[PDB]
Structures are given as C-alpha cells and as structure tokens.
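Enquirer: The structure under discussion is supplied below as structure tokens; questions concerning it will follow.
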There are 2 protein chains.
Amino acid sequence: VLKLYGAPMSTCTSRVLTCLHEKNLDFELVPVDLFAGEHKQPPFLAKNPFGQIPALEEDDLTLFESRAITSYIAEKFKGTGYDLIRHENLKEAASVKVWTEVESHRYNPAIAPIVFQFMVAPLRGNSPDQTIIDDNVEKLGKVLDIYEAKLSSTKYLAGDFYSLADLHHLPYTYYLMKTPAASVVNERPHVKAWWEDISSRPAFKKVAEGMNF
Amino acid sequence: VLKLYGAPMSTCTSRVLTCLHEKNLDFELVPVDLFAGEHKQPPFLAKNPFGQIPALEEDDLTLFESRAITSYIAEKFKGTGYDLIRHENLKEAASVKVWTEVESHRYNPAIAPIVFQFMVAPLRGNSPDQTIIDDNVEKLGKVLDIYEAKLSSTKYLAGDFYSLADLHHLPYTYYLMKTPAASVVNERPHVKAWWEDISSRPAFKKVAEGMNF
Ligand SMILES: N[C@@H](CCC(=O)N[C@@H](CS)C(=O)NCC(=O)O)C(=O)O
Ligand SMILES: N[C@@H](CCC(=O)N[C@@H](CS)C(=O)NCC(=O)O)C(=O)O
C-alpha cells in the first residue's frame, strides 16, 4: 500500500495527493500531528531526518520530499491514469524536466515566503511581514512575466499538455490566491486562465477541499 | 551532437560538464560571455527566457536549468557510461530522487548565497557581506548535520553507490572549500571524507581545472 504521512491542509502533502489522484491510485493518508510536534519526534525523523511532511512508505521503501514522491509515483505507474511525465514522447518528457526545475528553483523560492508570511507566521506568533511579502511578490511577478509569455505560446508550461510541471504549482498557488497577492496571477491574462484551468481539474478539486478552513 | 552553452568557470555549467564526463559523452562547449551580458541578449533569451546559463541543444531540442539538463542526459544515456540514476534498481532510483530534491530545496538555497558573496560580490564592486555569509553558514550547517548522520550509515547520500544526488553537490561545494566557510565541511568527518571522495572522481577533476584561475 502507498502510505502517505502528512496532513490534507498542507501544501506539501497536497502536492502528492493531487498526483496520486491524477494517477487514479489507491493510497492511505496517515495523519501527522504537526500541532503536537509529531514530525519532530524520533519515529517520524526516521522517515524524514529533516522533520517535515510528507513522507511515503511503500513496503520496505521510504521516501521524503514531495516532488521526489510525485516523480517516483509518476514514473512507476506509467501508462495508468494521466500521462504526467510523458512516457512515450522523449521531446515532451524533456520539456517537463525543464519546467519542473523552473518550479523548484524559480517559482517556489518566490511564492513560498509569501504564503509562509500570510499562513504560517501567525501560527508562530508573528504578524505577516509586509516587507518579505512585497519583496517576493515582486520576485514572483518577474517569474510570472516569463510564464505569461510561455503560456501565450503553449496551453501549459511544458507544452500543449498538462504535466507534472504544472501540477507542482497547484498547492502554494492555491493559498496565494486566497491572499491580496492573488493580484500577480489575476493581472496576467494567460497566467490567470492557466491557473483557472489546472485548479479546476477533478484531481485537484478533491484535494482543494482539504486545504480549505 | 550535444551542444552545451555556458562557461567552464561557472557552477551551473560545471554541474552539467561533470555529468557529461560521468556518462562518457562527447559534446561541444559553446562559450557564453556573461561579462559582456550575452546571456541577456535576444539570441540567448531564445534558448532560455530567464537569461541564465547553461542551456543545452541536441538537434531540434533545447533545454535549460542545469539539473534538467543533467537529468535529461542521465536518462537518455542511462544504459551506458556510469549509472547515475540506477536504471536497474527502482528502489535505489527512488532514493536518488529523494536526495536530488534535498540538494535543490535544502542544500543549494543555503550554500549558493555563501558562494555568491565570496565570488560574485567583488564583481559587483562590493565586499563580501559577512552577515549573509554567517546566516547561511548556520543554515548550511544544519543541513550538513543531517548529511553527517546519513553518511555514517551509507557511503553516499542515496546509498552505498555514487549517484546524481551526490554529483549535483560538486560545483558550489568546490567553491565553498576555497573560502573560510570550508569549515562546515571539514568539521564533519563523514561529510569531509564524502567530499574528498566525490571531488576526486576523474569525471570531476577534469572539470575542477576549469573552475580554477
Ligand atoms: N522541500 C520539502 C518541504 C517540506 C515542507 O515544507 N513541509 C511543511 C509542510 S508544507 C512542514 O512540514 N512544516 C512543519 C514544520 O516545519 O514545522 C518538500 O517539498 O517536501
Ligand atoms: N537554476 C538555474 C540557475 C542558473 C544560474 O544561476 N546561472 C548563473 C551561472 S552559475 C548565471 O547565469 N549568472 C549570470 C547572471 O545571473 O547574470 C540552473 O540550475 O541552471
């Protein structure tokens, strides 16, 4: 059984959950109690020594890092459910690799701090830092300027097909759109339409429920 | 023929060069003049709209992001040269994915600003910012504390085999070891031996020469 350790409301778990649904896979979501600090105790640290969710146990295999887990799932269950990494087109598969790396090294480092300040900082007892928000909204805008041009050429980031590249953007963007920083998406027409597209896929709509209130 | 656009002395290009050598592949290195701002002009922007090196062309295929390029090479030529991704052991393969994601999301964000301050800031006309250095040295230390424990259990990050996960660490770490921040590697005995191991591989020694003045 694919056993996913995490929480429905977290961006990092949701990234895997939507991938699991795209692939039409059975799985078990095992709750990890972040409130009680379960992720920092010896049992979970043995799954992920960095003490963050999610982790995956599949028989004797144990994985962590959300995008390692999605990549594993996408590769292992080739030909089942949606074709996320393009297993029968080399050119397409390569482009997916490009834009998943763009998400990791360009999109995520800019959007993560925005969501952290709005959603996580209050949990740590701090008001959102407007300076950190504004700086990264500027940075994300510049990434999104490139996205706007790309998405004017192709339906999705890696080409005229939905892929793992787009998928990885769903969770942090979902929370961004709940904040005033939603403006960076809404003011770029191709990015906005792209977001409205991928965020309305059945495989994410089921996951979106768990990310709400 | 594989055409790599970049510069020997750059970490991002060096990351691809070492992979090419591990895979025993022939290639053409096409210089891009950063000092002259070539990477910011339309011809190169047509290759990478983000205007940074490296980029790869193979026939009509064009790629950017260093780790997308290494992944593409390691996959396409998986059956020949060194087994970077473990193409015959799906569990080892999964482990490599975990630790390449660790390099992208945990190691690189901590080590990059350190190297930037030491080696790029003077090209900006500034002295190295010791505050940014110290803060990220603290961060990198926490990451390496985890590595230290993992490398007590297996010879390399993903297991007892060298892999793409280890490889991706080579370039920034190489420049780190030329600075006072080399201490974070040298003070952790398993991390130190692991570094001295992977950095002595013939596929990297060829590359390290181009990273020296
Ligand atoms: N790079 C990691 C990031 C993991 C991460 O940020 N997890 C968050 C949830 S979204 C977490 O565990 N927060 C609890 C904490 O750090 O105390 C991944 O993609 O899996
Ligand atoms: N995430 C990118 C980073 C690319 C990058 O940082 N390139 C540097 C060379 S190491 C560059 O082009 N610097 C020139 C500039 O920023 O003006 C990758 O891994 O390829």
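Each chain of the structure tokens is named A, B, ... in the order shown, its residues numbered from 1; ligands are numbered from 1 in display order.
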Mind running chain A against chain B at 7 Å and telling me each contacting residue's nearest atom pair with the distance in Å (one decimal), counting only C-alpha atoms, chain and number ascending, as a tab-separated table?

Expert:
residue	atom	partner	partner_atom	distance
A:49	CA	B:146	CA	6.7
A:61	CA	B:91	CA	6.7
A:63	CA	B:98	CA	6.4
A:64	CA	B:98	CA	6.1
A:65	CA	B:98	CA	6.1
A:68	CA	B:98	CA	5.0
A:72	CA	B:94	CA	6.1
A:91	CA	B:61	CA	6.9
A:94	CA	B:72	CA	6.2
A:97	CA	B:68	CA	5.2
A:98	CA	B:68	CA	5.0
A:101	CA	B:68	CA	6.1
A:146	CA	B:49	CA	6.8

Enquirer: Keeping only N, CA and C atoms, take the residues you just selected and write them out as a PDB file, in the first residue's frame.

Expert:
ATOM      1  N   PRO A  49      14.642  12.711   8.005  1.00  0.00           N
ATOM      2  CA  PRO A  49      15.522  13.290   9.025  1.00  0.00           C
ATOM      3  C   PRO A  49      15.417  14.815   9.132  1.00  0.00           C
ATOM      4  N   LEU A  61      10.267   0.453   1.140  1.00  0.00           N
ATOM      5  CA  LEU A  61      10.774   1.728   0.640  1.00  0.00           C
ATOM      6  C   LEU A  61      10.202   2.894   1.433  1.00  0.00           C
ATOM      7  N   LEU A  63      10.341   7.244   1.381  1.00  0.00           N
ATOM      8  CA  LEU A  63      10.720   8.460   0.661  1.00  0.00           C
ATOM      9  C   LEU A  63      10.282   9.728   1.385  1.00  0.00           C
ATOM     10  N   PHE A  64      10.978  10.823   1.104  1.00  0.00           N
ATOM     11  CA  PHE A  64      10.517  12.134   1.510  1.00  0.00           C
ATOM     12  C   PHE A  64      10.886  13.131   0.405  1.00  0.00           C
ATOM     13  N   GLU A  65      10.529  14.401   0.613  1.00  0.00           N
ATOM     14  CA  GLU A  65      10.489  15.447  -0.425  1.00  0.00           C
ATOM     15  C   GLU A  65       9.312  15.202  -1.362  1.00  0.00           C
ATOM     16  N   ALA A  68      10.005  14.413  -4.975  1.00  0.00           N
ATOM     17  CA  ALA A  68      10.624  13.102  -5.176  1.00  0.00           C
ATOM     18  C   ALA A  68       9.528  12.042  -5.177  1.00  0.00           C
ATOM     19  N   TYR A  72       8.518   9.751  -8.335  1.00  0.00           N
ATOM     20  CA  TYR A  72       8.503   8.303  -8.162  1.00  0.00           C
ATOM     21  C   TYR A  72       7.181   7.703  -8.633  1.00  0.00           C
ATOM     22  N   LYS A  91      10.772  14.158 -26.464  1.00  0.00           N
ATOM     23  CA  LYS A  91      10.841  15.612 -26.525  1.00  0.00           C
ATOM     24  C   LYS A  91       9.974  16.245 -25.438  1.00  0.00           C
ATOM     25  N   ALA A  94      11.353  15.718 -21.847  1.00  0.00           N
ATOM     26  CA  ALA A  94      12.481  16.596 -21.567  1.00  0.00           C
ATOM     27  C   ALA A  94      11.997  17.973 -21.129  1.00  0.00           C
ATOM     28  N   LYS A  97      10.897  18.082 -17.622  1.00  0.00           N
ATOM     29  CA  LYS A  97      12.040  18.173 -16.711  1.00  0.00           C
ATOM     30  C   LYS A  97      12.509  19.618 -16.559  1.00  0.00           C
ATOM     31  N   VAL A  98      12.489  20.365 -17.660  1.00  0.00           N
ATOM     32  CA  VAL A  98      12.901  21.761 -17.630  1.00  0.00           C
ATOM     33  C   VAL A  98      12.003  22.551 -16.687  1.00  0.00           C
ATOM     34  N   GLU A 101      11.991  21.882 -12.981  1.00  0.00           N
ATOM     35  CA  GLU A 101      13.160  22.500 -12.372  1.00  0.00           C
ATOM     36  C   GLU A 101      12.932  23.996 -12.214  1.00  0.00           C
ATOM     37  N   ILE A 146       7.615  35.754 -17.314  1.00  0.00           N
ATOM     38  CA  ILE A 146       8.117  34.734 -18.228  1.00  0.00           C
ATOM     39  C   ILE A 146       7.027  33.693 -18.496  1.00  0.00           C
TER      40      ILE A 146
END

Enquirer: Show me, as a Markdown table, the residues of chain B having an atom within 8 Å of ligand 2, each with the closest atom pair and its distance in Å, using only C-alpha atoms and all ligand atoms.

Expert:
| residue | atom | partner | partner_atom_place_in_ligand_line | distance |
| --- | --- | --- | --- | --- |
| B:6 | CA | ligand 2 | 9 (C) | 7.9 |
| B:10 | CA | ligand 2 | 10 (S) | 4.8 |
| B:11 | CA | ligand 2 | 10 (S) | 4.7 |
| B:12 | CA | ligand 2 | 10 (S) | 4.2 |
| B:13 | CA | ligand 2 | 10 (S) | 6.7 |
| B:34 | CA | ligand 2 | 14 (C) | 6.0 |
| B:37 | CA | ligand 2 | 17 (O) | 7.3 |
| B:39 | CA | ligand 2 | 12 (O) | 7.0 |
| B:40 | CA | ligand 2 | 17 (O) | 7.5 |
| B:51 | CA | ligand 2 | 12 (O) | 6.8 |
| B:52 | CA | ligand 2 | 12 (O) | 3.4 |
| B:53 | CA | ligand 2 | 12 (O) | 4.1 |
| B:54 | CA | ligand 2 | 20 (O) | 5.7 |
| B:55 | CA | ligand 2 | 20 (O) | 7.8 |
| B:64 | CA | ligand 2 | 20 (O) | 6.3 |
| B:65 | CA | ligand 2 | 20 (O) | 3.4 |
| B:66 | CA | ligand 2 | 20 (O) | 3.7 |
| B:67 | CA | ligand 2 | 19 (O) | 5.8 |
| B:68 | CA | ligand 2 | 20 (O) | 7.9 |

Enquirer: I need the residues of region 20-90 of chain B that end up classed as strand (DSSP E) by DSSP on the backbone, written out as a VMD selection string.

Expert: chain B and resid 28 to 31 55 to 58 61 to 64

Enquirer: Residues of the last selection are to be written out with N, CA and C atoms, as a PDB file, in the first residue's frame.

Expert:
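Just written: selection11.pdb:
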ATOM      1  N   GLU B  28      30.048  19.536 -27.382  1.00  0.00           N
ATOM      2  CA  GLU B  28      30.643  20.814 -27.732  1.00  0.00           C
ATOM      3  C   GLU B  28      30.264  21.845 -26.683  1.00  0.00           C
ATOM      4  N   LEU B  29      31.270  22.501 -26.116  1.00  0.00           N
ATOM      5  CA  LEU B  29      31.036  23.608 -25.200  1.00  0.00           C
ATOM      6  C   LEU B  29      31.054  24.910 -25.984  1.00  0.00           C
ATOM      7  N   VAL B  30      29.925  25.611 -25.983  1.00  0.00           N
ATOM      8  CA  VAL B  30      29.805  26.883 -26.681  1.00  0.00           C
ATOM      9  C   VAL B  30      29.874  28.008 -25.653  1.00  0.00           C
ATOM     10  N   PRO B  31      30.954  28.803 -25.681  1.00  0.00           N
ATOM     11  CA  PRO B  31      31.075  29.853 -24.668  1.00  0.00           C
ATOM     12  C   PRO B  31      29.957  30.886 -24.732  1.00  0.00           C
ATOM     13  N   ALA B  55      22.449  26.284 -21.117  1.00  0.00           N
ATOM     14  CA  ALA B  55      21.398  25.748 -21.959  1.00  0.00           C
ATOM     15  C   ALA B  55      22.008  24.610 -22.756  1.00  0.00           C
ATOM     16  N   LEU B  56      21.167  23.691 -23.207  1.00  0.00           N
ATOM     17  CA  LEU B  56      21.614  22.548 -23.990  1.00  0.00           C
ATOM     18  C   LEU B  56      20.797  22.449 -25.258  1.00  0.00           C
ATOM     19  N   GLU B  57      21.479  22.223 -26.375  1.00  0.00           N
ATOM     20  CA  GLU B  57      20.813  21.919 -27.626  1.00  0.00           C
ATOM     21  C   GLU B  57      21.242  20.540 -28.097  1.00  0.00           C
ATOM     22  N   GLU B  58      20.259  19.718 -28.447  1.00  0.00           N
ATOM     23  CA  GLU B  58      20.512  18.438 -29.093  1.00  0.00           C
ATOM     24  C   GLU B  58      19.563  18.330 -30.272  1.00  0.00           C
ATOM     25  N   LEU B  61      16.004  19.892 -30.173  1.00  0.00           N
ATOM     26  CA  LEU B  61      15.622  20.009 -28.765  1.00  0.00           C
ATOM     27  C   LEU B  61      16.487  21.041 -28.049  1.00  0.00           C
ATOM     28  N   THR B  62      15.848  21.895 -27.252  1.00  0.00           N
ATOM     29  CA  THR B  62      16.558  22.887 -26.451  1.00  0.00           C
ATOM     30  C   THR B  62      16.116  22.803 -24.987  1.00  0.00           C
ATOM     31  N   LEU B  63      17.089  22.776 -24.080  1.00  0.00           N
ATOM     32  CA  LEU B  63      16.821  22.686 -22.643  1.00  0.00           C
ATOM     33  C   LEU B  63      17.597  23.739 -21.858  1.00  0.00           C
ATOM     34  N   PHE B  64      17.064  24.113 -20.698  1.00  0.00           N
ATOM     35  CA  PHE B  64      17.795  24.932 -19.741  1.00  0.00           C
ATOM     36  C   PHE B  64      17.467  24.412 -18.340  1.00  0.00           C
TER      37      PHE B  64
END

Enquirer: Any idea what the distance is between atom 2 (C, counted along the ligand's line) of ligand 1 and CA of residue 18 (chain A)?

Expert: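 Separation between atom 2 (C, counted along the ligand's line) of ligand 1 and CA of residue 18 (chain A): 15.9 Å.
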
Enquirer: Might you pull out every residue within 10 Å of region 186-198 of chain B, with only C-alpha atoms counted and same-chain residues fewer than 4 positions away left off, and present them as an MDAnalysis selection string?

Expert: chainID B and resid 141 144:157 162:163 166:167 169:170 173:174 177 181:182 202:205

Enquirer: Step one, run DSSP on the backbone; step two, keep only residues of region 5-125 of chain A assigned to alpha helix (DSSP H); then write them as JSON, numbers by chain.

Expert: {"A": [11, 12, 13, 14, 15, 16, 17, 18, 19, 20, 21, 22, 42, 43, 44, 45, 66, 67, 68, 69, 70, 71, 72, 73, 74, 75, 76, 90, 91, 92, 93, 94, 95, 96, 97, 98, 99, 100, 101, 102, 108, 109, 110, 111, 112, 113, 114, 115]}

Enquirer: Can you list, as a list in words, every protein, DNA or RNA residue that comes within 12 Å of residue 130 (chain A) when you count only C-alpha atoms, leaving out same-chain residues fewer than 2 positions away?

Expert: residues 113, 114, 115, 116, 117, 118, 121, 126, 127, 128, 132, 133, 134, 135, 136, 137, 180 and 181 of chain A

Enquirer: Write a file of the selected residues as a PDB file, in the first residue's frame, keeping C-alpha atoms.

Expert:
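Output file again-v4.pdb is given in full below:
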ATOM      1  CA  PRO A 113       7.787  33.084   1.556  1.00  0.00           C
ATOM      2  CA  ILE A 114       4.568  34.879   0.582  1.00  0.00           C
ATOM      3  CA  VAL A 115       2.403  32.010   1.799  1.00  0.00           C
ATOM      4  CA  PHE A 116       4.603  31.491   4.856  1.00  0.00           C
ATOM      5  CA  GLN A 117       4.125  35.082   5.981  1.00  0.00           C
ATOM      6  CA  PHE A 118       0.350  35.026   5.462  1.00  0.00           C
ATOM      7  CA  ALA A 121       3.889  33.324  10.614  1.00  0.00           C
ATOM      8  CA  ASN A 126       4.093  36.882  14.426  1.00  0.00           C
ATOM      9  CA  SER A 127       2.206  39.315  12.228  1.00  0.00           C
ATOM     10  CA  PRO A 128       2.841  38.873   8.499  1.00  0.00           C
ATOM     11  CA  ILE A 132       9.068  39.985   2.955  1.00  0.00           C
ATOM     12  CA  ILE A 133       5.673  39.774   1.226  1.00  0.00           C
ATOM     13  CA  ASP A 134       6.291  42.785  -1.042  1.00  0.00           C
ATOM     14  CA  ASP A 135       9.818  41.725  -1.994  1.00  0.00           C
ATOM     15  CA  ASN A 136       8.722  38.239  -3.025  1.00  0.00           C
ATOM     16  CA  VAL A 137       5.575  39.479  -4.771  1.00  0.00           C
ATOM     17  CA  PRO A 180      -4.091  40.013  -1.708  1.00  0.00           C
ATOM     18  CA  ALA A 181      -1.026  38.690  -3.556  1.00  0.00           C
TER      19      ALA A 181
END

Enquirer: So how many Å separate CA of residue 184 (chain A) and CA of residue 42 (chain B), to one decimal?

Expert: 25.1 Å

Enquirer: Rounded to one decimal place, report the CA of residue 122 (chain A)-atom 15 (C, counted along the ligand's line) of ligand 1 distance in Å.

Expert: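 Result for CA of residue 122 (chain A) versus atom 15 (C, counted along the ligand's line) of ligand 1: 13.6 Å, one decimal.
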
Enquirer: Here is a test: counting only C-alpha atoms and all ligand atoms, which residue of B:88, B:103, B:45, B:7 is nearest to ligand 1?

Expert: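 Among the listed residues, the smallest separation from ligand 1 belongs to B:103.
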